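**Student:** As they sit in the full assembly, here are the leading chains:
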Amino acid sequence: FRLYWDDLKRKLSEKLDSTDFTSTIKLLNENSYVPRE
């Protein structure tokens, strides 16, 4: 089976509705990594 465009932007939107960016942005501001020159 093959995937064309209008199926594929739909698949991307179904992936983006699940994820959670806020926890990762808080993770990159943790006390382990917070100064990094």
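**Tutor:** Structure received. Residues are numbered from 1 along each chain as shown, chains lettered A, B, ... in the order given.
**Student:** Tell me where the longest helix sits in chain A.
**Tutor:** Scanning chain A for the longest helix, with DSSP state H as the assignment, gives helix A:5-16.
**Student:** In it, which residues are buried?
**Tutor:** By neighbour count with 16 or more other C-beta atoms under 10 Å, helix A:5-16 contains no buried residues. Every C-beta, even on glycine, is put in place using the N, C-alpha and C of the backbone.
**Student:** mind checking how far the helix or strand following it is from the chain centre?
**Tutor:** Next helix or strand after helix A:5-16 toward the C-terminus (DSSP states H and E): helix A:21-27. In terms of C-alpha atoms, centre = their mean, to the nearest Å, the centre of helix A:21-27 is found 10 Å from the chain centre.
**Student:** also put chain B on there:
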Amino acid sequence: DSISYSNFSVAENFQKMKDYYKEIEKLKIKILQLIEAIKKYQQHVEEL
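**Tutor:** Chain B now in position relative to the chains above:
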């Protein structure tokens, strides 16, 4: 997590306060030497 986030601003402000209070100390020794210079001038004008 919020108390941890305030750290970088708080540390720099406190360091600045330490710097300024060092300069208050320097002006305190200098101002005592100034009042001593005033009194030496005072006895000299009495000696003119």
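**Student:** Run through who's touching the longest helix of chain A.
**Tutor:** Helix A:5-16 is contacted by residues residue A:3 when judged by C-beta atoms under 8 Å, 6 or more residues apart in numbering or on different chains.
**Student:** same thing but at 7 Å, please
**Tutor:** Helix A:5-16 has contacts (C-beta atoms under 7 Å, 6 or more residues apart in numbering or on different chains) with no other residue.
**Student:** can you tell me which residues contact residue B:46?
**Tutor:** Listed by C-beta under 7 Å, 6+ apart, residue B:46 has no contact partners.
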